[PDB]
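Residues per chain are reported as follows:
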Amino acid sequence: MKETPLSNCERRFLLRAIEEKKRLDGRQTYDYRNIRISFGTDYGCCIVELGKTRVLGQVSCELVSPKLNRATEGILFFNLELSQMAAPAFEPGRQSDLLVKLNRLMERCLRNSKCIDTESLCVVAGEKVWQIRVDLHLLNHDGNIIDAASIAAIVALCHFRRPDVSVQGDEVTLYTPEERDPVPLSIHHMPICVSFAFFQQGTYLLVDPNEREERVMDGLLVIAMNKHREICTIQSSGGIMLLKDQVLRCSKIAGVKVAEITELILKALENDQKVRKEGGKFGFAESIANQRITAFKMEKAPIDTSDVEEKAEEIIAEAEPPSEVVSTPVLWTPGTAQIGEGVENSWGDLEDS
Amino acid sequence: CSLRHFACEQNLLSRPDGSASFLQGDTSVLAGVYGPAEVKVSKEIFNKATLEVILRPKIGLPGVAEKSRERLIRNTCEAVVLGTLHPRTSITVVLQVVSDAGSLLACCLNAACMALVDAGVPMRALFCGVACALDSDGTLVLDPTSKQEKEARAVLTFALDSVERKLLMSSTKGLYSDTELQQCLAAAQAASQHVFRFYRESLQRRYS
Amino acid sequence: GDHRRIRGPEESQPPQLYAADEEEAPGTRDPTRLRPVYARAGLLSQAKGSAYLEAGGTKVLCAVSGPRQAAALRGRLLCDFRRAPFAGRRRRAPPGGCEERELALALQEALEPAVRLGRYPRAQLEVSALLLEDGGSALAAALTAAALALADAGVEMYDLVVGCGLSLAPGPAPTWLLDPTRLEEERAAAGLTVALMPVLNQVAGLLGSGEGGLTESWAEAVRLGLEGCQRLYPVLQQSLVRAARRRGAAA
Amino acid sequence: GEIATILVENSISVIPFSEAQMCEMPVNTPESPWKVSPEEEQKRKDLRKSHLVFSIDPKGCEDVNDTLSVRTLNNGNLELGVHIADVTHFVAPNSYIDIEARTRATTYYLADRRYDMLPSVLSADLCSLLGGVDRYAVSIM
Amino acid sequence: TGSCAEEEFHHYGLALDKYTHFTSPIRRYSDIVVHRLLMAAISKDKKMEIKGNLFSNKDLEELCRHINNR
């Protein structure tokens with residue numbers, strides 16, 4: 001199956017809007033759709049919602065032997081993924097020219113910026129070191145997959161907490177959250193992606209576009225830039241043909257937006273740590289809105305486990321015992337034996353000769 | 001024996017036809033369904049529809065185990081969906097594992113059932129998921145946790161009808177005798193009576 | 001590693017490379033002898049045509065599927081060669097191998113000169129061969145069996161295909177041998193396999209590589225291969241006769 | 001930074017404990033604080049009425065060890081006794097607090113703060129002779 | 001103790017012949033040893049048995065070397 005086609009009335013209406021500098025959902029040009037984060041119970045797991053998009057991030061680490069060369073660092077996998085349920089079009093092996101540009105954007109940003117400290121993830125050299133592995137999934141496609149994926153990866157990496165080890169002399173030991181407290185990571189900076197869309201041959205631009213606005217646009221400009229004033233990647237793409245003042249304007253815009261987004265992320269992580277430290281209840285369950293028609297909650301229930309013995313006993317007692325015709329095995333010659341109705345002759349011989 | 005905290009939310013995502021997140025305690029599973037749509041000519045069947053079930057884990061990539069547990073989920077939904085009313089079309093079920101804390105298959109079956117119900121698919125009868133885990137001595141525990149699952153000598157999971165409480169699907173781990181298989185089946189039959197009440201109360205609240 | 005199979009150890013060195021028993025001595029024989037062969041046709045019940053060929057230490061099973069949908073004006077002849085992992089000194093990777101593709105092409109370029117594809121427009125035939133045990137010349141068995149299977153599957157052919165095999169001794173006075181075994185094949189310098197049509201007297205396939213460089217030994221290797229393919233024919237003559245006598249009388 | 005260097009170098013730990021190493025705690029909660037189960041009042045021999053116990057202690061002594069008491073009896077002689085806190089009831093053998101104590105052999109003192117060998121409320125309310133609340137001890141006599 | 005001779009038991013600097021601490025079970029480690037042992041002593045002169053073992057020679061000597069280090 002494919003996705004519904006685009007009519008010729010919506011295109012005209014969207015372009016009349018864009019000309020008039022008014023958007024569908026009311027938000028003006030330099031705005032984001034507001035954000036809403038939610039944390040799991042075990043560390044390094046979050047659900048970010050930008051507008052109506054969803055991404056699931058989950059970090060996980062493991063101890064391996066560090067290849068050959070680079071004997072004093074650790075490796076860092078990544079794996080974006082697009083879930084068949086995100087949108088009709090996504091198909092497990094039929095959208096192979098978006099996955100590549102997305103994985104590349106994500107990896108170049110996160111791994112070339114050098115914000116994670118992969119220096120201090122060794123135990124010995126030439127021997128076991130930690131191998132982290134980020135994982136993202138797209139749940140609901142409504143445009144701007146990469147801003148949400150980047151914020152998700154950031155939060156998931158800034159909420160993880162490793163295991164921890166004791167090393168002295170030439171001897172290892174591995175603890176557990178009851179034997180020793182999990183340990184945080186070291187994060188230099190916060191690289192946060194921003195996207196721009198261009199409309200009718202660069203004459204207008206719109207920040208943070210959604211999926212209809214994504215189908216009425218010429219090309220896209222992405223500018224990934226960590227906090228302070230330091231750019232980390234740019235990738236023009238789509239169908240665009242650019243000037244030189246516009247890249248600078250865009251860089252300013254991305255500066256502002258990454259400032260605001262980092263503000264938000266820091267505040268949310270702080271609130272989450274405060275909640276976890278007070279001693280209250282946390283998790284995916286205690287996030288479900290209760291003021292809403294589509295939610296229902298039920299505490300525990302002993303059902304009545306008073307009768308199962310009797311029923312099982314009568315059932316076992318009330319049925320026919322195994323019968324008693326026992327079969328015999330036949331021996332032809334050591335190596336082959338037969339059981340069943342058998343064959344008339346011992347074996348065939350000169351049947352046709 | 002006591003089932004733990006239950007919660008459910010419906011119509012989360014705007015793109016699919018019906019969505020339903022079902023979390024029972026700490027573990028959670030999200031599901032969505034696309035209604036009867038077009039199907040590839042090489043896979044279509046006349047006088048019937050075609051059910052497609054794919055399962056995605058949270059860490060790693062699916063292997064032999066996830067397809068072996070995908071057959072069970074597809075062959076369980078195939079026995080309660082009236083496909084003859086919709087031939088030459090396709091019905092697809094997608095399951096995403098968000099968090100794991102024990103008894104994942106039962107929560108997946110309940111997520112699939114609530115997604116099919118929300119999506120508006122003709123159904124013959126509802127189905128449930130109940131998991132039993134008897135300990136090293138014989139003390140039955142219902143809806144266990146991976147802490148108890150690790151210590152337990154046998155774990156059993158059942159899918160039960162909503163009409164006469166028959167047995168639809170059965171996947172068992174560990175070795176046991178038939179007597180406690182009967183007593184855990186009876187415990188499952190006693191447990192489904194509360195899940196179906198949770199179903200009815202949730203849909204009664206939805207249409208308030 | 002593989003996401004469609006059961007994963008075990010990443011690496012596994014077989015104990016032959018640690019086998020402390022030194023390689024033995026093959027022995028000697030008469031180079032004018034053939035290993036006795038027993039052939040059976042029509043084995044499988046769910047297959048359109050099948051045959052099982054066994055001679056000495058070689059066990060090969062071949063089955064032929066019927067024409068299916070999809071040089072047209074002519075039908076294709078797909079081929080597939082695959083040998084059981086529990087065959088030979090060491091294990092083999094299930095996914096495949098370049099040697100298997102080489103033998104598959106040596107089969108396709110040898111069974112097409114026999115069948116007449118100008119009678120199956122827009123159709124195709126599929127031939128599958130499996131080697132249960134490798135105890136000698138293999139390509140001399142994947143040809144005889146895959147030719148018996150085709151004739152037993154009711155497809156129209158000009159003639160059969162009968163294969164043979166040879167190997168070269170490593171001594172100071174080398175001599176070609178007929179029907180070599182693994183004890184006479186791993187100690188050899190070169191090997192040759194011929195595919196002769198016994199009635200049309202036309203060579204269908206030829207393959208040979210090694211250390212024999214004089215263009216007077218290969219003439220003998222070829223013509224004793226032709227004598228072997230002219231000596232294997234009667235057994236295959238009575239095998240299809242028995243196969244049709246039994247198949248027809250069952251109605 | 002200098003204090004941290006002195007710690008790391010001289011082999012002293014500054015890590016607060018974990019959940020299961022903490023949780024095995026005496027519950028000094030306001031809704032139910034600590035008070036002696038009467039069979040142990042039988043089994044012991046109270047002196048909170050018939051004898052006087054006090055202590056001089058250094059400035060800042062949030063945690064007292066030393067106590068004594070000398071009175072006269074119905075004859076005229078001077079009974080002597082030194083009373084040391086009996087902290088053995090909250091460290092069970094092969095525990096986590098006992099392995100912990102076995103590791104941190106000696107409480108370390110640098111001249112701003114202390115560093116409790118134990119968790120920081122097990123003795124710094126429950127073991128220190130303060131106030132005039134009940135407190136298990138050992139009185140040689 | 002009896003791992004060594006009597007002559008090696010004295011407290012010459014204080015003119016005693018045996019001297020340890022018992023006034024600090026909280027800020028040290030030999031004192032919890034002394035607590036367990038002193039209570040074993042007050043508990044043993046009744047003709048019963050103190051279930052649960054206490055120590056051994058090598059254990060005590062490695063502990064005392066550890067405490068010297070610390």
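Method of determination, as given in the entry header: cryo-EM; reported resolution: 3.7 Å.

Bringing the overall build of chain B into the picture now. In terms of helices and strands, chain B carries four helices and nine strands. Starting at the N terminus and walking to the C terminus, you meet the elements of chain B as β-β-β-β-α-β-α-β-β-α-β-β-α. Taking 2.2 N^0.38 as the reference for a compact globule, 208 residues should give roughly 17 Å; the C-alpha atoms of chain B span a radius of gyration of 17 Å, in line with that estimate. When the backbone C-alpha atoms are referred to their principal axes, chain B occupies close to 55 × 40 × 35 Å. In chain B, which comprises 208 residues, the proportion classed as buried is 53%. Sequence separation of at least 24 residues holds for 63% of the intrachain contacts in chain B that already meet a minimum separation of 6. Accessible area of chain B: about 9,300 Å², with a carbon and sulfur share of 50%. Each charge class in chain B was averaged separately, 23 positive and 21 negative side chains, and the resulting centres sit 4 Å apart.

Let us now look at helix α1 (residues 9-20) of chain A. Residue and element names in this part refer to chain A. Taking 1.5 Å as the rise per residue, α1 with twelve residues should run 16 Å; its terminal C-alpha atoms sit 16 Å apart, in good agreement. Taken together, the buried positions of α1 are occupied by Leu-14, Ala-17 and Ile-18. Taken end-on, α1 shows its buried residues confined to a sector of 95 degrees, consistent with a single buried face. Looking at α1, the residues exposed on the side facing more than 90 degrees away from the buried face are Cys-9, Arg-12, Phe-13, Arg-16 and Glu-20. If you follow the buried residues of α1, they end up packed against β8 (195-199), β9 (204-207) and α4 (211-215).

Right, let's talk about the environment of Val-34 of chain E for a bit. Residues and elements named next belong to chain E. Among the structural elements, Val-34 can be located in helix α1 (residues 30-44). Sequence-wise, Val-34 and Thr-23 are eleven residues apart; in three dimensions their C-alpha atoms are separated by 9.9 Å. With residues near it in sequence (within four places) discarded, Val-34 still touches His-21 and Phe-22.

Moving on to the environment of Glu-10 of chain A. Residues and elements named next belong to chain A. Note on placement: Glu-10 falls in helix α1. Classification of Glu-10 as partly exposed rests on a relative accessible area of 34%. It is 37 Å that separates the C-alpha atoms of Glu-10 and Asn-290, two residues lying 280 residues apart in sequence. Of the polar contacts made by the side chain of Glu-10, one reaches the side chain of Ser-7; its length is 2.4 Å.

The pair of protein chains exhibiting the most contacts, out of five pairs of chains in contact, is chains A and B. One thing to see here is that chain C and chain D don't touch, and their nearest C-alpha atoms sit 37 Å from each other.

Residue and element names in this part refer to chain A. Core analysis: the largest hydrophobic core is formed by 59 residues, its most contacted members being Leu-136, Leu-138, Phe-196, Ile-223 and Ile-265. In terms of residue count, the dominant contributor to this core is helix α3 (residues 145-157) (eleven residues). Ignoring sequence-local partners within four residues, the contact set of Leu-138 consists of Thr-53, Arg-54, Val-55, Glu-81, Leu-82, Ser-83, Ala-86, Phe-90 and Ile-145.

All names here are of chain A. A cluster of acidic side chains, namely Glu-309, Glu-310, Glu-313, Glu-314 and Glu-318, defines a negative patch on the protein surface. Mapped onto the elements of the fold, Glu-318 is located in the loop between α6 (308-317) and β13 (330-333). With a relative accessible area of 64%, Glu-318 lands in the exposed category.

As a further point, take the side chain of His-51 of chain D. All names here are of chain D. Looking at the secondary structure, you find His-51 in the loop between α3 (38-43) and β1 (68-72). Residue classification places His-51 among the buried positions, given a relative accessible area of 16%. Within the local environment of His-51, its side chain forms a polar contact with the side chain of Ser-69, the two groups lying 2.9 Å apart. Setting aside residues up to four positions removed in sequence, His-51 forms contacts with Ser-69, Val-70, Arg-71 and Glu-79.

Each strand in a sheet pairs with its neighbour through backbone hydrogen bonds, running either in the same direction (parallel) or in the opposite one (antiparallel). Sheet architecture is open: five strands sit in the order β1-β2-β3-β7-β5 (chain A), paired in mixed fashion. Each having just a single partner strand, β1 (35-39) and β5 (76-77) of chain A make up the two edges of the open sheet.

Moving on to the pairing of strand β5 (residues 90-99) of chain B. Residues and elements named next belong to chain B. Within β5, ten of the ten residues are buried, which leaves it mostly tucked inside the rest of the structure. Relative to β5, strand β3 (residues 27-37) runs antiparallel, the two sharing eight bridges. Looking at the pairing, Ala-37 lines up with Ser-90 of β5. Looking at chain direction, strand β4 (residues 50-56) and β5 are connected through seven bridges and run parallel.

The six strands lie next to each other as β12(A)-β1(B)-β2(B)-β3(B)-β5(B)-β4(B), forming an open sheet whose pairing is mixed. One side of each edge strand has no neighbouring strand; the edge strands of this open sheet are β12 (295-298) of chain A together with β4 of chain B. Averaged over all pairs of adjacent strands, the angle between their axes in this sheet comes to 15 degrees, without regard to strand direction. Where β12 of chain A lies against strand β1 (residues 6-10) of chain B, four bridges are found, and the strand directions are antiparallel. When the sheet's bridge partners are listed, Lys-297 of chain A is paired in β1 of chain B with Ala-7 of chain B. Its contacts with the sheet place helix α1 (residues 64-77) of chain B against β4 and β5 of chain B, and it is angled at close to 140 degrees to β4 of chain B.

Calculation rules
In this view, residue numbering begins from 1 on each chain in the order the sequence is written and may differ from the entry, while residues that lack coordinates are not shown. Starting at A for chains and at 1 for ligands, labels are handed out in the order in which the entities are written. In this view the chains form part of a larger assembly, and all numbers refer to the visible part. To obtain the side-chain values, all non-hydrogen atoms of the structure were used and water was disregarded. The secondary structure listing takes helices from DSSP runs of H or I that are at least 4 residues long and strands from runs of E that are at least 2 residues long, numbered from the N terminus. Only C-alpha atoms enter the radius of gyration; for comparison, a globular chain is expected to reach 2.2 Å times N to the power 0.38, where N is the number of residues. The cut-offs for exposure are 20% and 50% of the maximum accessible area for each residue type, with area from a 1.4 Å probe on protein chains only; residues under the lower value are buried, those over the upper are exposed, and the others partly exposed. In what follows, a contact means two residues having at least one pair of non-hydrogen atoms within 4.5 Å. Per-residue and other accessible areas were derived by the Shrake-Rupley procedure at a 1.4 Å probe size, with only the shown protein chains allowed to occlude residues. Charge counting treats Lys and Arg as positive and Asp and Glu as negative, with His and both chain ends excluded. Charged side chains are reduced to one point each, which is NZ for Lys, CZ for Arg, CG for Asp and CD for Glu. In this scheme, a helix's expected span is set at 1.5 Å multiplied by one less than its residue total. For this quantity, the arc is that covered by the directions from the helix axis to the C-beta atoms. N or O atoms closer than or at 3.5 Å make up a polar contact, with two conditions inside protein: a donor-capable atom paired with an acceptor-capable one, and, for residues adjacent in sequence, both atoms drawn from side chains. Buried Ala, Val, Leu, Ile, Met, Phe, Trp, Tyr and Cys residues form a nonpolar core when they are joined through side-chain atoms within 4.5 Å. Two joining distances apply to patches: 9 Å for like charges and 5 Å for nonpolar side chains (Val, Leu, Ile, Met, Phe, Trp, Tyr), and every residue must have over 30% relative accessible area and no salt bridge. For this document, the term salt bridge refers to a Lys or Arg side-chain nitrogen within 4 Å of an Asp or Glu carboxyl oxygen. By definition, two strands form a pair when at least two bridges between them are found by DSSP. What counts as an axis is a line fitted to C-alpha atoms, over the stretch in contact for a helix, and the angles between N-to-C directions run from 0 to 180 degrees.

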